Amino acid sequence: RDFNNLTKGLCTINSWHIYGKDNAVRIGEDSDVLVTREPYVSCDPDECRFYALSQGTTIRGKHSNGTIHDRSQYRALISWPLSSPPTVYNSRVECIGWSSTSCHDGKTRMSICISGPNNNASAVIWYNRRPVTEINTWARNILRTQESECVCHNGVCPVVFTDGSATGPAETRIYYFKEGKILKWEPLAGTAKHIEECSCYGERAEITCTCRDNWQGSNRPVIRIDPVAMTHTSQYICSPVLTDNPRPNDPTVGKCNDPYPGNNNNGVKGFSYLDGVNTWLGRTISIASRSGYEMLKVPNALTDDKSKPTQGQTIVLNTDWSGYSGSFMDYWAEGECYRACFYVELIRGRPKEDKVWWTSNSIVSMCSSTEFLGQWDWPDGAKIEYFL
């Protein structure tokens, strides 16, 4: 095998088709499904898999009580077959910890997990299912990473980490790994003022990451990485179609180089595909809560501070719970272009459904079509009442 190179551009996105769905919470009502959160999807050359952070308990298990909590010693990055649920018996542990990323370089996979207490966390970088490098916290405040796949080019796999405050300036670093070793790292540059939970995709030798400015911004920061030069830029999505959550109502003009204000110290992981007129943004439908999900075609969102939607697709109704969302692509598919894909985490349980003591999720995932397909909505589908 050779290292994959990002040689193709994005396919034209005219709609989104269903790719995978695991129905995990429905199935886990009466089967040995692990409690998870922070899911994503990532492809190897011969298979695509679901990934997430386990909570080290099943959902009917008594240890599900307390699983609203993000960071414990009982979490691990797990992967499992596409559209199956994450069960005790089919889930492969990639590494231990409570913040992760993972990506295949064309030869093998790199997985990164961070663990530790808040003031003394460390990342372990695994390559070919063996630990290779470790990175200690630099700011002693919840060293943390993407929670979705990284992207590689000719073996170089950039990863974005943050360490420091979630409610003020933090120390974001872009590490460039190859075979699990650090080639270089850079501090964040550009005009993004705070970065968390980057969602990345690659095309024609450039990696684009759409992130969460938890501190100030209801527009999303965008990091664009050149994995050959190992350099990057940052800015915000300029569009007034604001895509964090919670957020204020949409303005008529957005901000390119600073956080669009109105909501502080909160957010949600999300994503976009930024490709000129072939630009699609995801967001929650609710401005207040992690409810609903929609895709909006917003031509030139990155650069046009008045850009508005020209097309859209509902993914999850506003009467159903959503969650984190992120990008992935199958870089090893046939054809002339890369097909944009994404997932949405469908969070069930706490805090919004507090008649149960757990928090878990299921996954829905879609990829782009060049057809203009009909739309359905894709809720989690479980009845909370059944768990009482």
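In case it trips you up, residue 1 is the first one in the sequence shown, and so on.
Higher mean CA B-factor, judged across 92-100 and 255-263 from the recorded values: 255-263. Higher mean CA temperature factor, per the PDB entry, when comparing 244-252 with 73-81: 244-252. For the set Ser327, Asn65, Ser42, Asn361, the maximum C-alpha B-factor listed in the entry falls on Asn65.
Per the deposited record, the Cα B-factor of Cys367 falls in the middle third when ranked against the other modelled residues of its chain. Remark: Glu345 belongs to the lowest third of its chain, ranked by C-alpha B-factor as recorded.
Annotation for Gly9: C-alpha temperature factor in the middle third relative to the rest of the modelled chain, per the entry. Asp105: CA B factor lies in the lowest third for its chain, per the PDB record. The entry lists a Cα temperature factor for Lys193 that places it in the highest third of the chain's modelled residues.
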